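Each remark here refers to the structure printed beneath this line.
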Amino acid sequence: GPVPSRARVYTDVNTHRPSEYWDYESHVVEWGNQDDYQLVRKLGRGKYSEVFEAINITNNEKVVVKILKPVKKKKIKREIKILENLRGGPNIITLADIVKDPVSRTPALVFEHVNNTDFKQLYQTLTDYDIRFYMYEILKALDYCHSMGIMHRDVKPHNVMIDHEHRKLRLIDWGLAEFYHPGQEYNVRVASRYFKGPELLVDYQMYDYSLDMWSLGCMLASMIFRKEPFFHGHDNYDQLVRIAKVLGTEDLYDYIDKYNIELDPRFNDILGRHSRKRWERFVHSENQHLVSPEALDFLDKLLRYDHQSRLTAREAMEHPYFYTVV
Ligand SMILES: NCCCCNCc1ccc(-c2ccccc2)c(Cl)c1
Ligand SMILES: NCCCCNCc1ccc(-c2ccccc2)c(Cl)c1
């Protein structure tokens, strides 16, 4: 069968902690008052959620209310426990309350308000420095949650809120987040298609925090190259082919050989043969002002098939690409 794997960092953080920290099914939820909050407007719509801007009428402070379609109670408890565990961590969205609607029998999470600036207008005003600045803020969030034994598993631009006026960044939507336990086999149906790590696509279940580092690499490539998304798969199988068109098929076979992975038969007629591309091939007139040798070197160390060969969040923070940031 497949060769086992474990995280190179924070491997045993949950092993050395008591069950109260990671056994989310045993966590006791305590509701606040739904009457403290007045809904203002709809911000977005998720698979099993609706996000609203609200006002806490007891202090006249704006908040964010995430109403959850309670399709799986276990999943709601997981998200609540993780949010409670990470509360106060750098650039982590702050869970301020948990409320219930008794008539519809619906739970809601109340968060600190983040004034998100428009992402489409944020493009082409962003400089090389801004990308390095905001990439560093995301790394602080990831190094923190990984150090807390938690994998986000849904890193993408939709899950990163930026208040550009105050240079404030928050990593949000911890609904797919999970406790890392060495040796555990996780569900590969996590992250959004374009941000899915090769481990998920080849059905390698013993993954870790390094999955978030791949997703972060997809975001960096799309920002510096002005190509959204960077890896444009039309399905989960085609997503690996899009990756293989860049990283090449040679290294892909080295990765599946190292972990003794069996490729799904669906990859037989679509994978083909692809040479390893130079990152400099993606440089064009519209993006060259955001690209540098240090950005390319950093990108090359995140976008690796081998999850163990990717920079951890702390190693990434020490990369020359971030020498210009505080
Ligand atoms: N006269 C009472 C004024 C406050 C009314 N409360 C508004 C309110 C009602 C329900 C909810 C709610 C909706 C879905 C799930 C969980 C909670 C909220 Cl956030 C707010
Ligand atoms: N679901 C709420 C919508 C949030 C939109 N996110 C805006 C955003 C803007 C820029 C970025 C960004 C900045 C620097 C480097 C890479 C990415 C992100 Cl992650 C996110």
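Residue names in the structure tokens use chain letters A, B, ... in the order shown, residue numbers from 1 in each chain, and ligand numbers from 1 in the order shown.
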
Within 8 Å of stretch 3-9 of chain A using only C-alpha atoms, minus same-chain residues under 5 positions, as a PyMOL selection string:
chain A and resi 182-183+206-210+258-261+308+312

May I have the residues within 7 Å of ligand 2, computed using only C-alpha atoms and all ligand atoms, as an NGL selection string?
:A and (44 or 116 or 118-119 or 122 or 130-132 or 134-135 or 156-162 or 219-220 or 223)

Output of the above residues as an mmCIF file, in the first residue's frame, restricted to N, CA and C atoms:
```
data_model
loop_
_atom_site.group_PDB
_atom_site.id
_atom_site.type_symbol
_atom_site.label_atom_id
_atom_site.label_comp_id
_atom_site.auth_asym_id
_atom_site.auth_seq_id
_atom_site.Cartn_x
_atom_site.Cartn_y
_atom_site.Cartn_z
ATOM 1 N N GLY A 44 -22.142 37.332 1.347
ATOM 2 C CA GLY A 44 -21.864 36.184 0.497
ATOM 3 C C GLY A 44 -22.691 34.969 0.848
ATOM 4 N N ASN A 116 -13.606 44.414 4.037
ATOM 5 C CA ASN A 116 -12.915 43.963 2.843
ATOM 6 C C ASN A 116 -13.015 44.966 1.685
ATOM 7 N N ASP A 118 -12.521 45.870 -2.375
ATOM 8 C CA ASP A 118 -12.768 45.102 -3.605
ATOM 9 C C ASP A 118 -11.492 44.502 -4.207
ATOM 10 N N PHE A 119 -11.488 43.162 -4.376
ATOM 11 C CA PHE A 119 -10.380 42.359 -4.909
ATOM 12 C C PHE A 119 -10.049 42.630 -6.392
ATOM 13 N N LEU A 122 -8.355 45.943 -6.397
ATOM 14 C CA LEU A 122 -7.108 45.724 -5.646
ATOM 15 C C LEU A 122 -5.997 45.268 -6.612
ATOM 16 N N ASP A 130 3.368 45.316 -1.814
ATOM 17 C CA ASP A 130 2.058 44.962 -1.260
ATOM 18 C C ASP A 130 1.856 43.440 -1.232
ATOM 19 N N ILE A 131 2.279 42.741 -2.307
ATOM 20 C CA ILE A 131 2.155 41.288 -2.415
ATOM 21 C C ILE A 131 3.024 40.663 -1.334
ATOM 22 N N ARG A 132 4.303 41.105 -1.207
ATOM 23 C CA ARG A 132 5.189 40.586 -0.171
ATOM 24 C C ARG A 132 4.607 40.859 1.197
ATOM 25 N N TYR A 134 1.329 41.340 2.143
ATOM 26 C CA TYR A 134 0.141 40.521 2.443
ATOM 27 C C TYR A 134 0.446 39.013 2.474
ATOM 28 N N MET A 135 1.379 38.519 1.638
ATOM 29 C CA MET A 135 1.873 37.115 1.692
ATOM 30 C C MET A 135 2.466 36.816 3.092
ATOM 31 N N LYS A 156 -7.292 30.127 -0.117
ATOM 32 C CA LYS A 156 -7.625 30.716 -1.414
ATOM 33 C C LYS A 156 -7.974 32.217 -1.213
ATOM 34 N N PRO A 157 -7.940 33.056 -2.296
ATOM 35 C CA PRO A 157 -8.230 34.488 -2.127
ATOM 36 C C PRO A 157 -9.606 34.803 -1.557
ATOM 37 N N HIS A 158 -10.630 33.987 -1.847
ATOM 38 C CA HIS A 158 -11.988 34.180 -1.279
ATOM 39 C C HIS A 158 -11.991 34.052 0.259
ATOM 40 N N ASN A 159 -11.031 33.280 0.836
ATOM 41 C CA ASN A 159 -10.907 33.075 2.294
ATOM 42 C C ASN A 159 -9.870 33.965 2.965
ATOM 43 N N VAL A 160 -9.447 35.018 2.255
ATOM 44 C CA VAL A 160 -8.525 35.990 2.817
ATOM 45 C C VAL A 160 -9.197 37.381 2.691
ATOM 46 N N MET A 161 -9.477 38.009 3.842
ATOM 47 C CA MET A 161 -10.084 39.341 3.892
ATOM 48 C C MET A 161 -9.015 40.376 4.114
ATOM 49 N N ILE A 162 -9.042 41.441 3.298
ATOM 50 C CA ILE A 162 -8.070 42.524 3.377
ATOM 51 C C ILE A 162 -8.778 43.864 3.470
ATOM 52 N N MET A 219 -1.831 30.863 -4.859
ATOM 53 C CA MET A 219 -2.205 32.276 -4.699
ATOM 54 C C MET A 219 -1.059 33.184 -5.094
ATOM 55 N N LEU A 220 0.163 32.860 -4.628
ATOM 56 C CA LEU A 220 1.331 33.671 -5.001
ATOM 57 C C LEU A 220 1.545 33.704 -6.539
ATOM 58 N N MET A 223 -1.068 35.945 -8.277
ATOM 59 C CA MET A 223 -0.796 37.361 -7.991
ATOM 60 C C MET A 223 0.398 37.925 -8.768
#
```

Contact table chain A vs ligand 1, cut-off 8 Å, shortest pair per residue, only C-alpha atoms and all ligand atoms, as a Markdown table:
```
| residue | atom | partner | partner_atom_place_in_ligand_line | distance |
| --- | --- | --- | --- | --- |
| A:34 | CA | ligand 1 | 18 (C) | 4.7 |
| A:35 | CA | ligand 1 | 6 (N) | 3.7 |
| A:36 | CA | ligand 1 | 4 (C) | 6.0 |
| A:37 | CA | ligand 1 | 20 (C) | 4.9 |
| A:38 | CA | ligand 1 | 7 (C) | 5.0 |
| A:39 | CA | ligand 1 | 20 (C) | 6.1 |
| A:54 | CA | ligand 1 | 19 (Cl) | 7.6 |
| A:65 | CA | ligand 1 | 19 (Cl) | 6.1 |
| A:67 | CA | ligand 1 | 15 (C) | 5.1 |
| A:68 | CA | ligand 1 | 15 (C) | 7.2 |
| A:99 | CA | ligand 1 | 16 (C) | 5.4 |
| A:100 | CA | ligand 1 | 16 (C) | 4.1 |
| A:101 | CA | ligand 1 | 16 (C) | 4.0 |
| A:102 | CA | ligand 1 | 16 (C) | 7.7 |
| A:104 | CA | ligand 1 | 14 (C) | 7.2 |
| A:105 | CA | ligand 1 | 15 (C) | 7.3 |
| A:106 | CA | ligand 1 | 15 (C) | 4.5 |
| A:107 | CA | ligand 1 | 16 (C) | 4.7 |
| A:108 | CA | ligand 1 | 16 (C) | 4.5 |
| A:109 | CA | ligand 1 | 16 (C) | 7.9 |
| A:110 | CA | ligand 1 | 19 (Cl) | 7.8 |
```

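Shortest atom-to-atom contact with residue A:146 among A:239, A:11, A:192, A:117: A:11, counting only C-alpha atoms.
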
Determine which residues of stretch 102-179 of chain A receive a DSSP assignment of strand (DSSP E or B), computed from the backbone, and state them as a ChimeraX atom specification.
/A:106-112,150-151,160-163,168-171,178-179

Determine, counting only C-alpha atoms, which protein, DNA and RNA residues have an atom within 12 Å of an atom of residue A:300; residues of the same chain fewer than 6 positions away are not included. Present the result as number ranges by chain.
A: 213-214, 217-218, 220-221, 246-247, 276-280, 293-294, 309-311, 316, 319

Generate a file of the selected residues that holds N, CA, C and O atoms, formatted as a PDB file, in the first residue's frame.
```pdb
ATOM      1  N   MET A 213       0.490  25.098   2.301  1.00  0.00           N
ATOM      2  CA  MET A 213       1.669  25.729   1.650  1.00  0.00           C
ATOM      3  C   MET A 213       1.593  25.627   0.120  1.00  0.00           C
ATOM      4  O   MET A 213       2.013  26.546  -0.574  1.00  0.00           O
ATOM      5  N   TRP A 214       0.956  24.552  -0.396  1.00  0.00           N
ATOM      6  CA  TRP A 214       0.698  24.423  -1.825  1.00  0.00           C
ATOM      7  C   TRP A 214      -0.346  25.486  -2.253  1.00  0.00           C
ATOM      8  O   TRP A 214      -0.140  26.205  -3.262  1.00  0.00           O
ATOM      9  N   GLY A 217       1.086  28.803  -2.471  1.00  0.00           N
ATOM     10  CA  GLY A 217       1.895  28.887  -3.697  1.00  0.00           C
ATOM     11  C   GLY A 217       1.038  29.216  -4.915  1.00  0.00           C
ATOM     12  O   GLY A 217       1.452  30.027  -5.731  1.00  0.00           O
ATOM     13  N   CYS A 218      -0.188  28.611  -5.047  1.00  0.00           N
ATOM     14  CA  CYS A 218      -1.165  28.881  -6.132  1.00  0.00           C
ATOM     15  C   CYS A 218      -1.609  30.336  -6.084  1.00  0.00           C
ATOM     16  O   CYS A 218      -1.709  30.977  -7.134  1.00  0.00           O
ATOM     17  N   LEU A 220       0.163  32.860  -4.628  1.00  0.00           N
ATOM     18  CA  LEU A 220       1.331  33.671  -5.001  1.00  0.00           C
ATOM     19  C   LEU A 220       1.545  33.704  -6.539  1.00  0.00           C
ATOM     20  O   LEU A 220       1.680  34.795  -7.115  1.00  0.00           O
ATOM     21  N   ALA A 221       1.519  32.521  -7.207  1.00  0.00           N
ATOM     22  CA  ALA A 221       1.682  32.447  -8.665  1.00  0.00           C
ATOM     23  C   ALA A 221       0.629  33.294  -9.366  1.00  0.00           C
ATOM     24  O   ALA A 221       0.959  34.002 -10.292  1.00  0.00           O
ATOM     25  N   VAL A 246       3.087  22.352 -15.984  1.00  0.00           N
ATOM     26  CA  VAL A 246       4.076  23.312 -15.417  1.00  0.00           C
ATOM     27  C   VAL A 246       5.265  22.586 -14.779  1.00  0.00           C
ATOM     28  O   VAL A 246       6.407  22.866 -15.120  1.00  0.00           O
ATOM     29  N   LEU A 247       4.998  21.720 -13.791  1.00  0.00           N
ATOM     30  CA  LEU A 247       6.055  21.003 -13.029  1.00  0.00           C
ATOM     31  C   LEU A 247       6.659  19.784 -13.764  1.00  0.00           C
ATOM     32  O   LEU A 247       7.659  19.221 -13.299  1.00  0.00           O
ATOM     33  N   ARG A 276       9.432  19.861 -17.576  1.00  0.00           N
ATOM     34  CA  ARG A 276       9.447  20.777 -16.432  1.00  0.00           C
ATOM     35  C   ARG A 276       9.682  22.182 -17.010  1.00  0.00           C
ATOM     36  O   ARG A 276      10.649  22.376 -17.743  1.00  0.00           O
ATOM     37  N   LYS A 277       8.758  23.132 -16.752  1.00  0.00           N
ATOM     38  CA  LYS A 277       8.867  24.499 -17.277  1.00  0.00           C
ATOM     39  C   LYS A 277       9.686  25.393 -16.348  1.00  0.00           C
ATOM     40  O   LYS A 277       9.703  25.175 -15.146  1.00  0.00           O
ATOM     41  N   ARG A 278      10.354  26.402 -16.910  1.00  0.00           N
ATOM     42  CA  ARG A 278      11.095  27.395 -16.126  1.00  0.00           C
ATOM     43  C   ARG A 278      10.035  28.403 -15.652  1.00  0.00           C
ATOM     44  O   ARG A 278       9.170  28.729 -16.442  1.00  0.00           O
ATOM     45  N   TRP A 279      10.091  28.889 -14.391  1.00  0.00           N
ATOM     46  CA  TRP A 279       9.118  29.870 -13.870  1.00  0.00           C
ATOM     47  C   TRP A 279       9.137  31.179 -14.666  1.00  0.00           C
ATOM     48  O   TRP A 279       8.098  31.804 -14.821  1.00  0.00           O
ATOM     49  N   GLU A 280      10.325  31.560 -15.188  1.00  0.00           N
ATOM     50  CA  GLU A 280      10.554  32.742 -16.034  1.00  0.00           C
ATOM     51  C   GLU A 280       9.691  32.758 -17.329  1.00  0.00           C
ATOM     52  O   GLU A 280       9.469  33.828 -17.872  1.00  0.00           O
ATOM     53  N   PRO A 293      13.809  37.656  -9.183  1.00  0.00           N
ATOM     54  CA  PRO A 293      14.436  36.331  -8.962  1.00  0.00           C
ATOM     55  C   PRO A 293      14.085  35.724  -7.585  1.00  0.00           C
ATOM     56  O   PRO A 293      13.924  34.510  -7.466  1.00  0.00           O
ATOM     57  N   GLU A 294      13.939  36.568  -6.551  1.00  0.00           N
ATOM     58  CA  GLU A 294      13.604  36.078  -5.211  1.00  0.00           C
ATOM     59  C   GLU A 294      12.148  35.554  -5.161  1.00  0.00           C
ATOM     60  O   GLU A 294      11.917  34.535  -4.529  1.00  0.00           O
ATOM     61  N   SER A 309       8.868  18.256   0.796  1.00  0.00           N
ATOM     62  CA  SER A 309       9.870  19.092   0.133  1.00  0.00           C
ATOM     63  C   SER A 309       9.489  20.577   0.015  1.00  0.00           C
ATOM     64  O   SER A 309      10.293  21.374  -0.452  1.00  0.00           O
ATOM     65  N   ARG A 310       8.271  20.933   0.425  1.00  0.00           N
ATOM     66  CA  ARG A 310       7.761  22.318   0.439  1.00  0.00           C
ATOM     67  C   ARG A 310       8.228  23.025   1.673  1.00  0.00           C
ATOM     68  O   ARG A 310       8.287  22.416   2.744  1.00  0.00           O
ATOM     69  N   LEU A 311       8.461  24.338   1.570  1.00  0.00           N
ATOM     70  CA  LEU A 311       8.799  25.139   2.748  1.00  0.00           C
ATOM     71  C   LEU A 311       7.674  25.064   3.754  1.00  0.00           C
ATOM     72  O   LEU A 311       6.505  25.026   3.365  1.00  0.00           O
ATOM     73  N   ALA A 316       9.320  29.619   5.166  1.00  0.00           N
ATOM     74  CA  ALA A 316       8.890  30.579   4.140  1.00  0.00           C
ATOM     75  C   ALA A 316       9.086  32.028   4.625  1.00  0.00           C
ATOM     76  O   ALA A 316       9.577  32.862   3.878  1.00  0.00           O
ATOM     77  N   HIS A 319      12.510  33.452   4.058  1.00  0.00           N
ATOM     78  CA  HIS A 319      12.987  33.513   2.680  1.00  0.00           C
ATOM     79  C   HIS A 319      13.381  34.944   2.265  1.00  0.00           C
ATOM     80  O   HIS A 319      12.636  35.869   2.616  1.00  0.00           O
TER      81      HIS A 319
END
```

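Between residue A:176 and the residues A:96, A:76, A:263, A:201, the shortest atom-to-atom distance, using only C-alpha atoms, involves A:76.
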
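If only C-alpha atoms are the atoms counted, then among A:138, A:295, A:188, A:326 the closest residue to residue A:283 is A:295.
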
Quick check for you: according to DSSP on this backbone, which residues of stretch 181-301 of chain A are classed as alpha helix (DSSP H)? Reply as a PyMOL selection string.
chain A and resi 198-201+210-225+236-247+249-258+293-301

Any idea what's packed within 6 Å of residue A:177, counting only C-alpha atoms, ignoring anything in its chain fewer than 5 positions away? Could you give it as a VMD selection string?
chain A and resid 151 to 153

With N, CA and C atoms retained, could you export that selection as a PDB file, in the first residue's frame?
```
ATOM      1  N   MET A 151      -4.713  22.414  10.447  1.00  0.00           N
ATOM      2  CA  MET A 151      -4.545  22.585   8.994  1.00  0.00           C
ATOM      3  C   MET A 151      -5.825  23.362   8.555  1.00  0.00           C
ATOM      4  N   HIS A 152      -5.684  24.461   7.795  1.00  0.00           N
ATOM      5  CA  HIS A 152      -6.853  25.275   7.340  1.00  0.00           C
ATOM      6  C   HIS A 152      -7.629  24.483   6.232  1.00  0.00           C
ATOM      7  N   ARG A 153      -6.876  23.924   5.255  1.00  0.00           N
ATOM      8  CA  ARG A 153      -7.371  23.069   4.165  1.00  0.00           C
ATOM      9  C   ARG A 153      -8.278  23.784   3.166  1.00  0.00           C
TER      10      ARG A 153
END
```

For residue A:256, find every residue with an atom within 12 Å (counting only C-alpha atoms), except residues of its own chain fewer than 4 positions away, and show them as an mmCIF file with N, CA, C and O atoms, in the first residue's frame.
```cif
data_model
loop_
_atom_site.group_PDB
_atom_site.id
_atom_site.type_symbol
_atom_site.label_atom_id
_atom_site.label_comp_id
_atom_site.auth_asym_id
_atom_site.auth_seq_id
_atom_site.Cartn_x
_atom_site.Cartn_y
_atom_site.Cartn_z
ATOM 1 N N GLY A 1 0.798 -1.218 0.000
ATOM 2 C CA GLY A 1 0.000 0.000 0.000
ATOM 3 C C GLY A 1 0.835 1.274 0.000
ATOM 4 O O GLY A 1 2.049 1.210 -0.202
ATOM 5 N N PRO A 2 0.224 2.463 0.244
ATOM 6 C CA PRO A 2 1.025 3.700 0.273
ATOM 7 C C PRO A 2 1.992 3.803 1.456
ATOM 8 O O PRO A 2 1.731 3.293 2.539
ATOM 9 N N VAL A 3 3.137 4.433 1.216
ATOM 10 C CA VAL A 3 4.176 4.679 2.210
ATOM 11 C C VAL A 3 3.613 5.750 3.186
ATOM 12 O O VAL A 3 3.110 6.781 2.722
ATOM 13 N N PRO A 198 -1.294 18.371 -4.993
ATOM 14 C CA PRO A 198 -1.217 17.096 -5.727
ATOM 15 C C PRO A 198 -1.575 15.862 -4.863
ATOM 16 O O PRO A 198 -2.175 14.929 -5.380
ATOM 17 N N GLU A 199 -1.295 15.897 -3.549
ATOM 18 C CA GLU A 199 -1.645 14.812 -2.608
ATOM 19 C C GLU A 199 -3.148 14.515 -2.653
ATOM 20 O O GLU A 199 -3.548 13.366 -2.595
ATOM 21 N N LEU A 201 -5.248 15.253 -5.188
ATOM 22 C CA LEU A 201 -5.596 14.844 -6.553
ATOM 23 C C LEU A 201 -5.211 13.426 -6.875
ATOM 24 O O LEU A 201 -5.891 12.811 -7.674
ATOM 25 N N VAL A 202 -4.111 12.904 -6.274
ATOM 26 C CA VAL A 202 -3.683 11.500 -6.498
ATOM 27 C C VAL A 202 -4.247 10.567 -5.405
ATOM 28 O O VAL A 202 -3.900 9.381 -5.382
ATOM 29 N N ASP A 203 -5.104 11.109 -4.507
ATOM 30 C CA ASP A 203 -5.767 10.397 -3.412
ATOM 31 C C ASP A 203 -4.795 9.883 -2.326
ATOM 32 O O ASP A 203 -4.981 8.782 -1.788
ATOM 33 N N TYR A 204 -3.754 10.685 -1.994
ATOM 34 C CA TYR A 204 -2.831 10.396 -0.896
ATOM 35 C C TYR A 204 -3.443 11.035 0.366
ATOM 36 O O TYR A 204 -3.475 12.262 0.516
ATOM 37 N N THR A 249 6.009 15.865 -15.927
ATOM 38 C CA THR A 249 5.587 14.507 -15.583
ATOM 39 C C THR A 249 6.713 13.675 -14.927
ATOM 40 O O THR A 249 6.414 12.722 -14.222
ATOM 41 N N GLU A 250 7.980 14.023 -15.142
ATOM 42 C CA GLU A 250 9.101 13.296 -14.532
ATOM 43 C C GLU A 250 9.010 13.354 -13.017
ATOM 44 O O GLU A 250 8.929 12.316 -12.370
ATOM 45 N N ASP A 251 8.956 14.574 -12.452
ATOM 46 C CA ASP A 251 8.856 14.769 -10.998
ATOM 47 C C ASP A 251 7.547 14.214 -10.444
ATOM 48 O O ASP A 251 7.516 13.798 -9.298
ATOM 49 N N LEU A 252 6.470 14.215 -11.238
ATOM 50 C CA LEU A 252 5.207 13.634 -10.777
ATOM 51 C C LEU A 252 5.414 12.128 -10.505
ATOM 52 O O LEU A 252 4.954 11.618 -9.477
ATOM 53 N N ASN A 260 4.714 5.331 -2.931
ATOM 54 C CA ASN A 260 4.088 4.131 -3.503
ATOM 55 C C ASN A 260 2.591 4.373 -3.766
ATOM 56 O O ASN A 260 1.726 3.607 -3.309
ATOM 57 N N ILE A 261 2.272 5.502 -4.454
ATOM 58 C CA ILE A 261 0.872 5.862 -4.727
ATOM 59 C C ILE A 261 0.430 5.155 -6.011
ATOM 60 O O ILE A 261 1.213 5.076 -6.945
ATOM 61 N N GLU A 262 -0.826 4.696 -6.074
ATOM 62 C CA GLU A 262 -1.385 4.112 -7.299
ATOM 63 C C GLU A 262 -2.233 5.188 -7.991
ATOM 64 O O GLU A 262 -3.223 5.627 -7.422
ATOM 65 N N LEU A 263 -1.824 5.630 -9.202
ATOM 66 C CA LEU A 263 -2.583 6.619 -9.979
ATOM 67 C C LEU A 263 -3.888 6.011 -10.420
ATOM 68 O O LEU A 263 -3.904 4.873 -10.881
ATOM 69 N N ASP A 264 -4.968 6.773 -10.315
ATOM 70 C CA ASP A 264 -6.305 6.371 -10.740
ATOM 71 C C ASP A 264 -6.296 6.122 -12.259
ATOM 72 O O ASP A 264 -5.606 6.870 -12.974
ATOM 73 N N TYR A 305 5.681 18.923 -5.955
ATOM 74 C CA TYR A 305 4.726 17.806 -5.820
ATOM 75 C C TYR A 305 4.878 17.210 -4.421
ATOM 76 O O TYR A 305 3.885 16.965 -3.750
ATOM 77 N N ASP A 306 6.126 16.968 -4.006
ATOM 78 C CA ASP A 306 6.398 16.342 -2.731
ATOM 79 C C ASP A 306 6.070 17.269 -1.603
ATOM 80 O O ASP A 306 6.766 18.247 -1.384
ATOM 81 N N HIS A 307 5.007 16.945 -0.884
ATOM 82 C CA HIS A 307 4.548 17.745 0.267
ATOM 83 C C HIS A 307 5.627 17.952 1.352
ATOM 84 O O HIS A 307 5.704 19.042 1.931
#
```

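Of the residues under consideration (A:197, A:282, A:225, A:269), A:197 shows the shortest atom-to-atom contact distance to residue A:243 when counting only C-alpha atoms.
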
Calculated over only C-alpha atoms, which of the candidates A:224, A:216, A:145, A:63 has the smallest distance to residue A:301?
A:216

If we count only C-alpha atoms and set the cut-off at 7 Å, which residues sit around stretch 81-84 of chain A, ignoring sequence neighbours fewer than 2 positions away in its own chain? Please answer as a ChimeraX atom specification.
/A:24,27,77-79,86-87,95

Let's have the selection written as a CSV table (one decimal), in the first residue's frame, with N, CA, C and O atoms.
```
chain,number,residue,atom,x,y,z
A,24,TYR,N,-13.3,17.7,19.5
A,24,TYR,CA,-14.4,18.7,19.3
A,24,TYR,C,-15.8,18.1,19.4
A,24,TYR,O,-16.7,18.9,19.7
A,27,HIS,N,-16.8,18.9,22.9
A,27,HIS,CA,-16.9,20.3,23.2
A,27,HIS,C,-18.4,20.8,23.5
A,27,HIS,O,-19.3,20.4,22.7
A,77,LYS,N,-19.5,21.7,15.1
A,77,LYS,CA,-18.7,21.6,16.4
A,77,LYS,C,-17.2,21.7,16.1
A,77,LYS,O,-16.5,22.3,17.0
A,78,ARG,N,-16.7,21.1,15.1
A,78,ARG,CA,-15.3,21.2,14.7
A,78,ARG,C,-14.8,22.6,14.4
A,78,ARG,O,-13.8,23.0,14.9
A,79,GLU,N,-15.6,23.4,13.6
A,79,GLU,CA,-15.3,24.7,13.3
A,79,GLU,C,-15.3,25.6,14.5
A,79,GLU,O,-14.4,26.4,14.7
A,86,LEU,N,-8.0,28.9,18.2
A,86,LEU,CA,-7.2,29.9,17.5
A,86,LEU,C,-7.5,31.4,17.8
A,86,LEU,O,-6.8,32.2,17.4
A,87,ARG,N,-8.5,31.6,18.6
A,87,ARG,CA,-8.9,33.0,18.9
A,87,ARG,C,-7.8,33.8,19.5
A,87,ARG,O,-7.2,33.4,20.5
A,95,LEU,N,-13.7,34.8,16.5
A,95,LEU,CA,-15.0,34.4,16.9
A,95,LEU,C,-15.4,35.2,18.1
A,95,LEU,O,-14.8,35.1,19.1
```
